[PDB]
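S.K.: Right, I'll just put the structure down here and ask away after.
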Amino acid sequence: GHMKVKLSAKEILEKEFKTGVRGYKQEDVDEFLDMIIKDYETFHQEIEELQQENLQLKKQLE
Amino acid sequence: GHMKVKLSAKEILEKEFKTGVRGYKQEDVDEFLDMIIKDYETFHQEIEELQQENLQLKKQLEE
Ligand SMILES: [Zn+2]
Ligand SMILES: [Zn+2]
Ligand SMILES: [Zn+2]
Ligand SMILES: [Zn+2]
Ligand SMILES: [Zn+2]
Ligand SMILES: [Zn+2]
Ligand SMILES: [Zn+2]
Ligand SMILES: [Zn+2]
């Protein structure tokens with residue numbers, strides 16, 4: 001069966017964190033989250049491609 | 001297209017960030033990273049399941 005993730009690329013782009021003393025440097029976190037966002041986009045695109053292919057194969061077999 | 005994935009759950013665990021006098025609250029960033037690590041695992045399992053399912057259906061169509 002299909003398994004869903006918790007977050008999306010847009011939710012990570014738009015997440016706001018509160019601040020505090022000795023918090024993590026914002027640019028360090030944001031640059032790393034940007035790499036994560038691109039991975040979410042890559043994962044989502046490949047799943048979309050694999051699920052459309054899965055639907056086509058199941059249709060030929062029906 | 002291809003699977004040009006940049007990071008792994010282990011790389012996310014190992015990543016360190018410099019701190020500032022102020023910055024993003026560490027608790028909140030770390031707990032968000034935990035959710036992300038769990039999603040990388042889910043994405044992987046979903047892709048593996050679809051790849052093997054599609055292989056099996058392709059083979060059956062021709063055998
Ligand atoms: Zn499943
Ligand atoms: Zn499946
Ligand atoms: Zn799925
Ligand atoms: Zn930088
Ligand atoms: Zn989509
Ligand atoms: Zn692909
Ligand atoms: Zn270190
Ligand atoms: Zn894999």
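Going by the structure tokens order, chains are called A, B, ..., each with residues numbered from 1, while ligands are numbered from 1 in the order shown.
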Write out as an NGL selection string the set of residues from chain B that DSSP, computed on the backbone, places in alpha helix (DSSP H).
M.R.: :B and (9-14 or 26-62)
S.K.: With only C-alpha atoms as the counted atoms, please give the residues lying no more than 8 Å from region 23-35 of chain B, apart from itself and same-chain residues fewer than 2 positions off, as a ChimeraX atom specification.
M.R.: /A:6-7,17-26 /B:12,19-21,37-39
S.K.: 12 Å from ligand 8 is the threshold here; counting only C-alpha atoms and all ligand atoms, which polymer residues fall inside it? Answer as a VMD selection string.
M.R.: (chain A and resid 43 46) or (chain B and resid 3 5 8 40 to 52)
S.K.: Please produce, as a tab-separated table, a per-residue contact table for chain A versus ligand 6 (criterion: any atom at most 12 Å away, only C-alpha atoms and all ligand atoms considered), showing the nearest atom pair and its distance in Å to one decimal, sorted by chain then residue number.
M.R.:
residue	atom	partner	partner_atom_place_in_ligand_line	distance
A:42	CA	ligand 6	1 (Zn)	9.0
A:43	CA	ligand 6	1 (Zn)	9.4
A:44	CA	ligand 6	1 (Zn)	10.3
A:45	CA	ligand 6	1 (Zn)	7.5
A:46	CA	ligand 6	1 (Zn)	5.0
A:47	CA	ligand 6	1 (Zn)	8.3
A:48	CA	ligand 6	1 (Zn)	9.0
A:49	CA	ligand 6	1 (Zn)	6.2
A:50	CA	ligand 6	1 (Zn)	7.4
A:51	CA	ligand 6	1 (Zn)	10.9
A:52	CA	ligand 6	1 (Zn)	11.2
A:53	CA	ligand 6	1 (Zn)	10.4
S.K.: Limited to N, CA, C and O atoms, could you put the picked residues into a file as an mmCIF file, in the first residue's frame?
M.R.:
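See out_37.cif below for the written result:
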data_model
loop_
_atom_site.group_PDB
_atom_site.id
_atom_site.type_symbol
_atom_site.label_atom_id
_atom_site.label_comp_id
_atom_site.auth_asym_id
_atom_site.auth_seq_id
_atom_site.Cartn_x
_atom_site.Cartn_y
_atom_site.Cartn_z
ATOM 1 N N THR A 42 12.371 16.033 -5.533
ATOM 2 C CA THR A 42 12.850 14.878 -6.302
ATOM 3 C C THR A 42 12.089 13.609 -5.916
ATOM 4 O O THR A 42 11.633 12.842 -6.796
ATOM 5 N N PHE A 43 11.903 13.384 -4.611
ATOM 6 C CA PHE A 43 11.181 12.210 -4.147
ATOM 7 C C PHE A 43 9.754 12.252 -4.659
ATOM 8 O O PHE A 43 9.243 11.242 -5.152
ATOM 9 N N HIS A 44 9.097 13.414 -4.537
ATOM 10 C CA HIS A 44 7.696 13.508 -4.930
ATOM 11 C C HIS A 44 7.540 13.272 -6.430
ATOM 12 O O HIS A 44 6.627 12.545 -6.867
ATOM 13 N N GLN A 45 8.442 13.842 -7.235
ATOM 14 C CA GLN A 45 8.399 13.628 -8.683
ATOM 15 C C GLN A 45 8.596 12.164 -9.041
ATOM 16 O O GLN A 45 7.924 11.646 -9.951
ATOM 17 N N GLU A 46 9.491 11.457 -8.354
ATOM 18 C CA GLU A 46 9.702 10.072 -8.770
ATOM 19 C C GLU A 46 8.526 9.197 -8.357
ATOM 20 O O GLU A 46 8.169 8.251 -9.073
ATOM 21 N N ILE A 47 7.950 9.471 -7.187
ATOM 22 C CA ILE A 47 6.746 8.733 -6.774
ATOM 23 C C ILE A 47 5.587 9.014 -7.723
ATOM 24 O O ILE A 47 4.825 8.096 -8.059
ATOM 25 N N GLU A 48 5.424 10.261 -8.174
ATOM 26 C CA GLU A 48 4.345 10.550 -9.126
ATOM 27 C C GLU A 48 4.524 9.736 -10.414
ATOM 28 O O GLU A 48 3.557 9.169 -10.959
ATOM 29 N N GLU A 49 5.771 9.643 -10.889
ATOM 30 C CA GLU A 49 6.114 8.889 -12.088
ATOM 31 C C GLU A 49 5.915 7.392 -11.874
ATOM 32 O O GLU A 49 5.349 6.700 -12.736
ATOM 33 N N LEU A 50 6.360 6.874 -10.732
ATOM 34 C CA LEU A 50 6.176 5.455 -10.473
ATOM 35 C C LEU A 50 4.716 5.121 -10.266
ATOM 36 O O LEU A 50 4.290 4.047 -10.667
ATOM 37 N N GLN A 51 3.930 5.999 -9.628
ATOM 38 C CA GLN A 51 2.508 5.644 -9.436
ATOM 39 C C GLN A 51 1.710 5.706 -10.747
ATOM 40 O O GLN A 51 0.811 4.888 -10.961
ATOM 41 N N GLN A 52 2.004 6.661 -11.629
ATOM 42 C CA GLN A 52 1.337 6.677 -12.929
ATOM 43 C C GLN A 52 1.696 5.438 -13.739
ATOM 44 O O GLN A 52 0.849 4.889 -14.444
ATOM 45 N N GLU A 53 2.949 4.973 -13.629
ATOM 46 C CA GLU A 53 3.355 3.758 -14.325
ATOM 47 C C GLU A 53 2.649 2.547 -13.740
ATOM 48 O O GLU A 53 2.171 1.689 -14.489
#
S.K.: Extract, using only C-alpha atoms, all DNA, RNA and protein residues at most 10 Å from residue 34 (chain A), discarding same-chain residues fewer than 6 positions from it, and format them as a list in words.
M.R.: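 Here the qualifying residues turn out to be residues 9, 12, 13 and 40 of chain A.
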S.K.: If you keep N, CA and C atoms, can you produce a file of those selected residues as an mmCIF file, in the first residue's frame?
M.R.:
data_model
loop_
_atom_site.group_PDB
_atom_site.id
_atom_site.type_symbol
_atom_site.label_atom_id
_atom_site.label_comp_id
_atom_site.auth_asym_id
_atom_site.auth_seq_id
_atom_site.Cartn_x
_atom_site.Cartn_y
_atom_site.Cartn_z
ATOM 1 N N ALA A 9 7.412 19.837 0.376
ATOM 2 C CA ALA A 9 8.409 20.860 0.034
ATOM 3 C C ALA A 9 7.950 22.262 0.452
ATOM 4 N N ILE A 12 8.149 22.953 4.221
ATOM 5 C CA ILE A 12 9.523 23.200 4.705
ATOM 6 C C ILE A 12 10.017 24.579 4.262
ATOM 7 N N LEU A 13 9.661 24.996 3.047
ATOM 8 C CA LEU A 13 10.005 26.345 2.602
ATOM 9 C C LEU A 13 9.444 27.390 3.543
ATOM 10 N N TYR A 40 12.848 16.707 -1.256
ATOM 11 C CA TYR A 40 11.397 16.456 -1.260
ATOM 12 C C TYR A 40 10.816 16.570 -2.673
#
S.K.: Show me a table, sorted first by chain and then by increasing residue number, of the residues of chain A having an atom at most 12 Å from ligand 4, each with its shortest atom pair and the distance in Å to one decimal, counting only C-alpha atoms and all ligand atoms and written as CSV.
M.R.:
residue,atom,partner,partner_atom_place_in_ligand_line,distance
A:25,CA,ligand 4,1 (Zn),9.8
A:26,CA,ligand 4,1 (Zn),9.4
A:27,CA,ligand 4,1 (Zn),5.9
A:28,CA,ligand 4,1 (Zn),5.9
A:29,CA,ligand 4,1 (Zn),9.1
A:30,CA,ligand 4,1 (Zn),8.7
A:31,CA,ligand 4,1 (Zn),6.4
A:32,CA,ligand 4,1 (Zn),9.0
A:33,CA,ligand 4,1 (Zn),11.8
A:34,CA,ligand 4,1 (Zn),11.2
S.K.: Would you mind telling me which residue in A:38, A:2, A:58, A:15 lies nearest to ligand 1 when using only C-alpha atoms and all ligand atoms?
M.R.: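 Nearest candidate to ligand 1 out of A:38, A:2, A:58, A:15: A:2.
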S.K.: Using only C-alpha atoms and all ligand atoms, determine which residues fall within 10 Å of ligand 7, then list them as a count of residues only.
M.R.: 4
S.K.: Just the residues within 10 Å of residue 61 (chain B), please, counting only C-alpha atoms, with nothing from its chain fewer than 5 positions along; format it as a ChimeraX atom specification.
M.R.: /A:57-58,60-61 /B:56
S.K.: Go through A:11, A:39, A:55, A:62 and flag the residue nearest chain B, using only C-alpha atoms for the distances.
M.R.: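 Among the listed residues, the smallest separation from chain B belongs to A:39.
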S.K.: Could you give me the residues within chain A that DSSP places in strand (DSSP E or B), as a list in words?
M.R.: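 So, restricting chain A to strand (DSSP E or B), we get residues 19, 20, 21 and 24 of chain A.
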S.K.: Those same residues - N, CA, C and O atoms - I'd like them written as a short mmCIF file (atom, residue, chain, number, x, y, z; two decimals), in the first residue's frame.
M.R.:
data_model
loop_
_atom_site.label_atom_id
_atom_site.label_comp_id
_atom_site.auth_asym_id
_atom_site.auth_seq_id
_atom_site.Cartn_x
_atom_site.Cartn_y
_atom_site.Cartn_z
N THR A 19 12.91 32.26 17.64
CA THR A 19 14.33 32.46 17.95
C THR A 19 14.57 32.35 19.44
O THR A 19 13.64 32.28 20.27
N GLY A 20 15.88 32.36 19.77
CA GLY A 20 16.27 32.36 21.18
C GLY A 20 17.75 32.55 21.31
O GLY A 20 18.48 32.55 20.32
N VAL A 21 18.19 32.67 22.57
CA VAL A 21 19.63 32.85 22.85
C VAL A 21 20.39 31.59 22.40
O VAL A 21 19.97 30.44 22.61
N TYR A 24 20.55 28.29 16.61
CA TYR A 24 21.33 27.97 15.42
C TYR A 24 21.31 29.15 14.46
O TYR A 24 20.27 29.77 14.26
#
S.K.: For the atom pair CA of residue 53 (chain B) and CA of residue 3 (chain A), what is the interatomic distance in Å to one decimal place?
M.R.: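 So the two atoms, CA of residue 53 (chain B) and CA of residue 3 (chain A), lie 14.2 Å apart.
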S.K.: In Å, rounded to a single decimal, give me how far CA of residue 59 (chain A) is from CA of residue 62 (chain B).
M.R.: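 These atoms are spaced 14.3 Å apart.
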